[PDB]
Structures are given as structure tokens and as C-alpha cells.
Amino acid sequence: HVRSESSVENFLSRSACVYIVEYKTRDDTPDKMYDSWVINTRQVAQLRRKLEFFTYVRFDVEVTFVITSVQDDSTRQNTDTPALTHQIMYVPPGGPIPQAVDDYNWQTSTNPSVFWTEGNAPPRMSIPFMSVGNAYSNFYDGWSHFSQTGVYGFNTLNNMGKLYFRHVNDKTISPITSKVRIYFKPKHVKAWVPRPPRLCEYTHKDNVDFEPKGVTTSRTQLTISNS
Amino acid sequence: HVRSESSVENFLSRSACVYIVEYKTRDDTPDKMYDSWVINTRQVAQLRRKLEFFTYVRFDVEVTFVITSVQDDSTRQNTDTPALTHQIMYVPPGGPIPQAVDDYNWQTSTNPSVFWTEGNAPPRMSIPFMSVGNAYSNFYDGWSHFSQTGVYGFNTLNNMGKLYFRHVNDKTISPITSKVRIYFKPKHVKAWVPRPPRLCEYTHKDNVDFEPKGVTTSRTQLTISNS
Amino acid sequence: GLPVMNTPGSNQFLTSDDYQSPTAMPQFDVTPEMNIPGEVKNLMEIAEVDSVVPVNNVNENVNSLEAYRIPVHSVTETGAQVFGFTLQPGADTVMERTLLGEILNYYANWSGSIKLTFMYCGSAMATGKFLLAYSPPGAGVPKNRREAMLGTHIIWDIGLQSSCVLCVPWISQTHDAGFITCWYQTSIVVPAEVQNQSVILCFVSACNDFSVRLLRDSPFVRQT
Amino acid sequence: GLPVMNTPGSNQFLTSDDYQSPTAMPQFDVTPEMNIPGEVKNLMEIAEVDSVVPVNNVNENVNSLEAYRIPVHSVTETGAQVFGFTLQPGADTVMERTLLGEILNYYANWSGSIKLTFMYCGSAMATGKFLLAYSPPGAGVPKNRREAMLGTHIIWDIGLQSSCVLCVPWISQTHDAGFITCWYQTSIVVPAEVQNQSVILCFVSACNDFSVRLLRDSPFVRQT
């Protein structure tokens with residue numbers, strides 16, 4: 001008789017790896033030296049269901065990045081590379097977008113960045129509630145702009161931003177790939193108008209579409225008997 | 001209805017990479033073992049425009065140096081080099097200037113330095129308002145000394161200093177190049193006599209000169225119609 | 001400066017941190033909270049809602065709406081059994097995908113009470129009696145109307161009460177849990193020009209004394 | 001000494017730090033602040049300044065001073081249209097490079113009001129009437145003087161008011177936003193020995209209820 005762990009915040013405010021970001025430090029294809037992530041809550045199926053218990057949600061965000069590096073094999077594993085610096089730039093809704101590792105949009109002012117050297121504690125940056133409306137929508141029964149044009153159930157209004165990742169240093173002499181892991185912990189959660197859990201599996205991350213599943217697991221009889 | 005992010009300090013007091021400084025630890029050309037930077041606010045075009053919203057500015061300075069090292073390839077990547085120490089010496093307006101890595105001006109007293117060993121948190125040193133006059137000038141309509149001699153629009157008075165970089169250790173046995181990144185965050189900003197933004201692009205970092213651009217993007221008509 | 005000693009546990013990312021953090025976006029104006037109706041501050045508000053139970057989950061009836069309808073009609077015997085299911089909210093396949101079973105699959109420990117509700121959806125002219133027996137845990141399933149009668153039972157008259165509510169006492173999975181059987185007592189007496197076949201539907205929700213102790217992952221979401 | 005445990009997030013350079021820092025130059029005398037006139041403590045003082053709008057940005061007129069002059073003269077019809085532009089301060093190419101558009105391109109969210117001002121720069125002998133219609137967002141552009149008349153309009157008489165001010169209500173891009181059209185009502189009546197061709201110029205500034213929420217990089221500076 002406690003009911004302190006059935007709270008909304010003791011149910012949703014837990015960290016979870018949501019995406020893995022792979023990028024290198026020396027290539028020839030000029031887009032494998034960086035990677036990005038458009039921030040949403042629809043990639044981990046667990047957290048997607050736990051947020052689809054409710055229609056409107058409203059939370060802060062605390063992201064912790066776990067950054068690890070492993071060198072690719074070559075002729076020249078015998079090297080002395082100094083410690084690597086990574087950049088994690090945040091693009092708010094309405095910000096410019098880089099198109100290479102040497103693009104000017106890595107240098108712009110109103111895109112907050114974090115510079116981390118190898119060996120330290122993992123980085124961390126908080127992201128506030130940055131919607132125009134009062135709460136995010138998990139569900140949206142309508143069109144975004146000019147109905148019967150545009151995708152059904154979009155809700156332009158609830159975008160949170162996106163991240164970009166590159167190695168700050170120059171091109172090294174051996175290829176070293178770095179994979180980061182993103183721990184997305186929502187904070188100060190308030191939820192409204194609850195709704196039943198999903199029964200069917202998921203098919204895409206941008207719509208509610210499904211194949212019809214059953215209702216439960218079927219029995220053999222209707223009346224029970226002894227062992 | 002907040003207007004707390006249209007403040008001058010919430011618009012200008014943000015960190016930005018302004019310059020990359022490359023230097024080695026073993027060469028034959030005796031000037032590629034160090035590098036410098038004359039401190040101004042006219043290299044990032046974003047920050048140059050955001051400070052050319054105003055004519056006079058007055059700020060403290062907080063510089064954070066992100067230092068990374070990568071070894072150059074050779075026959076001898078198999079080595080055990082101990083951890084490197086870097087020197088970041090600051091020359092105030094009116095100070096001596098080194099001319100090599102072994103020059104005496106790395107050892108002088110009234111040039112404050114910072115010694116950083118590989119692996120730690122990045123260094124940081126604050127730089128106060130060090131002009132003779134009351135505020136820096138982004139714009140200066142005149143000559144510095146003895147008009148029609150000397151460059152138009154110079155303003156000798158607003159120099160802030162310069163930095164110098166070298167590896168404190170002796171010459172190693174394998175070449176190791178180190179690139180530092182300079183995060184220039186102005187503090188306690190006060191601005192006066194505002195002025196319109198720049199329309200044209202920049203051509204040099206020492207004058208206001210330009211090519212005449214348009215005024216806006218041209219339309220096809222003058223009266224609007226329906227879709 | 002001040003002398004400071006680093007204790008062990010430094011420079012690690014424990015996943016259940018509670019420390020402060022710097023903000024990526026200071027000098028930002030968060031839009032204020034508007035009064036939206038229907039605020040949830042506790043998940044055990046959600047499980048206090050009655051919901052239909054698929055008791056008739058005999059095979060090939062699950063993929064339909066017949067999975068909820070419990071058939072009852074006129075019987076030439078009198079001590080037969082209408083329905084029955086094991087009383088395990090979350091382990092049993094009957095109230096597995098029920099909303100209460102869905103709140104209770106996110107926890108390894110749970111305890112409390114449980115309400116059942118039985119509604120008769122026949123005509124207004126029919127009448128009859130049922131025997132809703134409750135076999136406590138440890139006790140077996142009765143095979144007779146008479147063996148179920150000497151236990152804990154309730155006689156529910158159709159002709160004067162269209163819904164009987166049966167608040168089952170203490171049930172737990174880590175604080176065989178019981179059975180709920182339904183026996184005929186009399187046949188369903190019907191006048192002329194009134195159809196014989198009829199339907200019972202179930203409902204279930206928790207009481208206000210329901211607790212849970214340890215969160216986990218749900219056994220129903222499978223990763224692609 | 002004192003027992004101290006290192007939390008995660010140590011030894012990193014988060015770019016939006018707020019910590020203290022040691023000074024490179026202590027024992028230094030900073031020259032004191034002098035009273036310089038024209039101090040800015042808020043960027044939304046700057047955008048409360050009226051500025052000329054290049055409404056006549058028909059092609060090849062942009063590279064001149066004709067880009068601001070809106071031509072108006074004597075018309076043999078009476079329900080024609082003088083000018084018109086979409087009401088989007090920052091997205092539209094009309095008030096794109098306007099000072100208010102320049103303060104508003106440094107932010108991803110902005111909301112508030114907007115003032116328009118229309119000044120007639122003809123002779124002191126001319127007279128006439130215009131119809132400054134405001135199509136609200138969602139509503140289309142009218143094609144008639146009469147369709148614009150049943151909407152929200154204002155009749156602005158030249159001969160007794162050389163400047164009309166039109167404070168447009170609530171406009172936002174994340175708190176089709178509207179249209180401002182100008183229709184002839186009467187022709188411009190002119191005496192002898194007074195020239196027929198004349199000019200209107202626009203002005204725009206915000207009101208005191210204007211907010212912004214999230215800073216970004218401007219889309220107009222491109223790196224060399």
C-alpha cells in the first residue's frame with residue numbers, strides 16, 4: 001500500500017538508449033565522417049508504447065552521450081594519435097543544417113555545441129520543453145497543412161530538434177570509427193487524457209498503421225475442470 | 001511575452017570556435033613548430049555581424065582551448081612518448097614577441113602562460129577589458145595617425161592582445177602535430193548606438209569594403225492573386 | 001584552492017543519475033502550462049476503470065466480437081456450468097490483454113483486491129438464477145452445483161438485478177490464486193415471442209488498495 | 001582530507017558553461033565606464049523602429065531606389081488594385097531584409113503584433129481614397145473591390161490624412177498568416193499644372209508585446 005511507483009514520473013523518467021550513431025575520422029565518401037539524429041520518441045518500441053499510454057505529454061529532456069572509439073585495421077596500427085575531440089551540435093526547430101564535415105554550419109552561433117576530449121566522464125546537456133503549443137501530441141487526428149495535401153497525422157508543431165556529430169580534429173592517418181550511444185531521459189513529466197495500450201505490433205515509425213491481431217490467447221474450452 | 005532572450009548578453013555571450021592553430025613537435029623549418037593568433041572579433045562572419053549590430057561594445061573575454069594531437073606517419077609509430085605539455089602564452093598590448101620556439105620571450109615574466117598536460121579538462125583563462133578608451137569600436141571613420149598617412153579606419157586603440165603556442169617538451173623522435181581550437185566567449189556585454197545589419201558580403205577582415213548587392217529578392221508582379 | 005579528495009564512483013555514468021545538468025538552451029522562454037482536462041498523476045487511476053473481459057476465448061472466436069459474449073440459454077439439466085476461469089490477473093489468458101492486466105504486466109510484484117461485474121444482456125421478460133461460486137486458493141474446482149453451493153457462493157436473480165458486483169478478497173502475485181465459476185440454478189424462463197439465446201458480459205477493475213513494487217519490461221512488445 | 005566523490009559529467013567542456021574562471025591579468029586597472037548615449041539593453045528596442053519596406057520589388061527595380069516607391073496615378077477604372085503582399089515578416093521576400101525581418105531571422109520562434117504605416121508622397125493639391133483591406137489567415141485574397149469591402153477594410157482619404165497607421169492583430173510563426181491589399185476607391189483628382197504620377201511608401205515596426213524563444217544562426221551569412 002504505497003502507490004509511489006505508479007506515478008507518471010516514476011514510470012516515464014528513466015534513461016534508455018534510443019539510437020546508435022556511427023561515424024569515422026578518415027574516408028573518401030564525404031558523408032561517412034558524420035551522422036545525425038532527428039529527435040523524437042518513436043524508435044524504441046518500449047518507450048513509444050509507454051508514451052502512447054497518454055495523448056498529450058510535456059517533459060524536459062536530459063541527454064547523456066556515451067562515446068567509444070575503435071580503430072579500423074590497416075597497415076598502420078602502429079601510430080601515436082593524440083586524444084580526440086568530438087562535437088555534438090544541437091539544431092533547434094528553425095535552425096540551419098550542415099551538409100558536410102567542413103560546412104560553415106558547424107561554426108554558426110545559435111546552434112549550441114559540446115566539445116568532449118577522450119577519457120573524461122560522458123557529456124550531458126539538458127533540453128527544455130521547446131514546442132510552440134502547450135504539450136506534445138502522441139496522436140494527431142488530422143492533416144498538418146491544407147488537408148488532403150500533406151501526410152495524415154503529422155503535427156508539425158511537436159518537433160524537438162536534431163543533433164549532429166563530427167570529429168573536431170583534422171583527418172588522421174589511420175581510420176578510426178566512433179560510435180556514440182544516446183541516453184534520452186525525460187524529466188518533469190505531465191500527461192493528460194489516458195488511453196488503452198496498443199495490441200498490434202508496429203510497422204512504421206511515422207503512422208499508427210497495423211495488421212489486425214487477435215484479442216487474447218485462445219483457450220480449448222469455456223468451462224474449467226480439475227487437474 | 002518574456003523578452004529575456006532579446007537581451008544583449010543573451011545574444012552575444014555565447015561561445016564560438018574562432019581559429020584553428022596547427023603546430024608540430026619536430027621539424028626542420030623552425031617556424032612550423034609554433035603558431036599565433038592576433039585577438040580580434042573579425043574572423044567568424046556570424047560573430048562579426050552580431051557585433052556589427054552596434055558601434056561601441058565593452059566586454060570581458062573567456063577563452064577555452066580545445067587541444068588535440070595526432071601523430072604524423074613515419075617509420076617509427078612504435079614509440080612510447082610520455083604525455084605532452086603545451087604552453088599558451090598571452091601577450092598584452094605592449095608586450096614582446098617571440099620569433100622561434102627557443103626564443104627568450106617564451107621565458108619572460110609579464111606574459112602570462114598556461115601549462116597543460118595531455119588528458120585533463122581543457123584550459124581556460126579570462127581576459128578583462130584591456131583598452132585605453134572606454135569601449136571598443138566596431139567602426140571607426142578616420143585615420144589612426146597623421147591622416148592621409150596610415151590606413152583608413154584602423155583604430156590603434158582597440159587592440160586586445162595576441163596568443164602564442166608551443167610544445168614545452170624537447171624535440172621528440174616521431175613528428176606529432178597538435179591542433180588547438182579557440183572558444184571565445186565574451187562576457188558582461190554592454191553595447192551602444194545601434195545600427196542596421198550588413199546586406200553585402202565581406203571581402204576582407206580589415207575594412208568595410210564591398211560590392212553592391214541588391215535590396216531583397218525580386219518578385220514577378222506587384223499585385224497578388226489567388227492560388 | 002580548497003583541498004578536495006575524489007571518492008570512488010567518480011567519472012562514471014550510472015544510468016539512474018539524479019544530479020544536476022547544464023542546459024543547452026538558457027535564455028529561452030518556455031510556453032506556460034494550460035489547463036488541459038483529464039490529468040493523470042498516478043497510473044492506478046487508470047486501472048480503476050472497468051473493462052470488458054474476453055471470457056469466451058474459445059479458439060477462432062478470438063478474432064471477432066464474439067470473444068466477449070458469454071452464451072447462456074435454456075438448459076434441460078439444471079446443475080451445469082456456464083463459464084469459468086482461473087483468477088490470475090496478468091498470468092491467465094482471459095484477463096491477459098485487459099487494461100488491468102496491461103498495467104499489471106509492467107511490474108514484477110503487485111498486490112491488492114479485484115472487482116468483478118457481471119451484466120445480463122438478455123430481454124426484459126426473461127428471468128432465472130445463477131450461482132457465482134468463488135473457490136479460494138488451495139481449494140480445487142468444484143464439479144457439482146452442490147459442491148459449489150457449500151463453498152462461497154452468491155445467488156444472482158436475473159429478474160430483479162441486471163448487474164451483480166463481486167469484490168474478490170486478497171489476491172497477489174508476490175505481495176493458483178482462485179477460481180470463479182458460474183453454475184445454473186434454474187433454467188431461464190421465457191414467455192412466448194421472446195428469443196431464448198442470451199448473453200452475459202464481464203467487467204473488471206481494481207480497488208483502492210492496490211500496490212506495485214518493481215518496474216520491468218513488458219513481455220508483449222517484441223523488438224523488430 | 002575531505003572525502004569527495006566525482007559525479008559523471010566531470011572533466012568535460014560543455015559549450016554553454018557558466019562556471020567561474022581564473023583571470024589571466026589580475027592586478028590590472030580596468031578603465032571606468034563613461035556615459036555614452038544610446039545604450040541598448042534589449043534587442044526589441046531596435047525592432048520598435050519604423051523602416052521603409054521594399055514593396056515594389058518587381059525584377060530589375062531591386063537594384064535601385066525605385067524598389068521602395070509604390071506607383072499610384074489616375075486610373076480609368078475604379079476597382080483596380082494598387083499593391084499587395086503576403087503578411088509574413090521574415091519569410092516573405094518583401095519585408096525579408098527589413099530591420100524587423102533581420103531581428104526576426106535570428107530566431108526560430110517569434111510572436112507578437114505588427115504596425116504598418118502608409119505615407120502618401122504626392123502633391124498637396126491631389127485627393128482621393130484607398131481601401132486597405134486585411135485578409136485574415138485562412139481567408140483567400142479577394143479579387144474585387146467589393147469582395148475586399150465586405151471584409152476588414154479601412155477607407156483612407158488622401159486629402160485630409162497623409163499617413164494611415166494599421167496595427168495588424170495577432171501574427172506568429174510558431175508562437176499563410178494574412179494579406180494586405182490596396183484597392184482604388186476613387187481616382188486621384190488633380191487640378192491643372194499639377195503632375196498626375198505619385199508615390200506611396202510603407203513603414204513597419206513591431207508593438208510592445210513581441211517575444212522570441214530560441215536563437216539560431218541566420219540564413220543570410222554564408223561562409224567563404
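Cβ coordinates were reconstructed from backbone atoms using ideal geometry, including for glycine residues, and neighbour counts include every protein chain displayed. No lab work stands behind these numbers, since they all come straight from the coordinates.
The set of residues from segment C:1-57 being touching a helix residue (DSSP H, G or I) at 6+ places or on another chain (Cβ under 8 Å) and of a type in the set (S, T, N, Q) comprises C:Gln27, C:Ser51.
Within segment C:191-224, the set of residues being within 11 Å of chain A (Cβ to nearest Cβ) and either of a type in the set (D, E, K, R) or assigned to a strand (DSSP E or B) (or both) comprises C:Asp209, C:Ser211, C:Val212, C:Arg213, C:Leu215, C:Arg216, C:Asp217, C:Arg222.
Quick check on segment D:1-33: of everything there that is within 38 Å of the chain's Cα centre (by Cα) and within 10 Å of chain C (Cβ to nearest Cβ), which residue is farthest from D:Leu99 (Cα to Cα)? It comes out as D:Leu14.
Among what's in segment A:191-215 and is touching a helix residue (DSSP H, G or I) at 6+ places or on another chain (Cβ under 9 Å) and within 7 Å of another protein chain (Cβ to nearest Cβ), pick the residue that is farthest from C:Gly178 (Cα to Cα). Across segment A:191-215, the extreme among qualifying residues is A:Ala191.
Meeting the requirement of 1 or more residues that are under 16 Å from the mean Cα position of the chain (by Cα) and of a type in the set (D, E, K, R), the strands (runs of 3 or more DSSP E) wholly within segment A:24-112 are A:34-38, A:54-71.
Please verify whether B:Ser4 is surrounded by fewer than 19 Cβ atoms within 10 Å (Cβ to Cβ), within 14 Å of chain C (Cβ to nearest Cβ) and either polar (S, T, N, Q) or assigned to a loop (DSSP other than H, G, I, E, B) (or both), treating the condition exactly as stated. If you could, list the steps in order and put the result at the bottom.
Values: surrounded by fewer than 19 Cβ atoms within 10 Å (Cβ to Cβ): yes; within 14 Å of chain C (Cβ to nearest Cβ): yes; either polar (S, T, N, Q) or assigned to a loop (DSSP other than H, G, I, E, B) (or both): yes.
When the stated conditions are applied, B:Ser4 passes them.
Could you please let me know if B:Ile127 is under 22 Å from B:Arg48 (Cβ atoms), within 14 Å of chain D (Cβ to nearest Cβ) and of a type outside the set (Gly, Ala, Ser)? Walk me through how you get there before you give the answer.
On the way: under 22 Å from B:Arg48 (Cβ atoms): yes; within 14 Å of chain D (Cβ to nearest Cβ): yes; of a type outside the set (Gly, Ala, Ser): yes.
Answer is yes for this residue.
Any residue at all in segment C:161-170 that is within 14 Å of chain A (Cβ to nearest Cβ), out of contact with any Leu (no Cβ under 6 Å at 6 or more places or on another chain), closer than 26 Å to C:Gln81 by Cβ and among the hydrophobic types (A, V, I, L, M, F, W, C)? Yes, the conditions are met somewhere in segment C:161-170. Scanning segment D:128-149 for residues that are within 19 Å of D:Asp176 (Cβ to Cβ) and in a strand (DSSP E or B), which turns out farthest from the other protein chains (Cβ to nearest Cβ)? Looking at the filtered set, the residue picked out is D:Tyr134.
Go through A:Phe115, A:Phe146 for me and flag whichever is more than 21 Å from the chain's Cα centre (by Cα) and either within 12 Å of another protein chain (Cβ to nearest Cβ) or of a type in the set (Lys, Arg) (or both). Lay out the reasoning, then the answer.
Details: A:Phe115 fails: more than 21 Å from the chain's Cα centre (by Cα).
Residue meeting the stated conditions: A:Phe146.
Across segment C:34-92, the number of residues qualifying as more than 10 Å from every other protein chain (Cβ to nearest Cβ), of a type in the set (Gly, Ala, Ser) and more than 20 Å from the chain's Cα centre (by Cα) comes to 2. Taking the conditions (1) over 19 Å from the mean Cα position of the chain (by Cα); (2) of a type in the set (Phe, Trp, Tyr); (3) surrounded by fewer than 19 Cβ atoms within 10 Å (Cβ to Cβ) in turn, D:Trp156 satisfies each one other than (3).
Under 30 Å from A:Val66 (Cβ atoms) and crowded, with 16+ Cβ neighbours inside 10 Å: which single residue out of D:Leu43, D:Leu87, D:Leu14 fits that description?
Working: D:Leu43 fails: under 30 Å from A:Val66 (Cβ atoms); D:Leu87 fails: under 30 Å from A:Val66 (Cβ atoms).
So the residue among D:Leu43, D:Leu87, D:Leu14 that is under 30 Å from A:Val66 (Cβ atoms) and crowded, with 16+ Cβ neighbours inside 10 Å is D:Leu14.
Sort out which residues of segment D:72-84 are surrounded by fewer than 17 Cβ atoms within 10 Å (Cβ to Cβ) and of a type outside the set (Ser, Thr, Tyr), and write them in order of number. If the condition is that a residue be surrounded by fewer than 17 Cβ atoms within 10 Å (Cβ to Cβ) and of a type outside the set (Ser, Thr, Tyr), then D:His73, D:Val75, D:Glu77, D:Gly79, D:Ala80 are the ones that fit.
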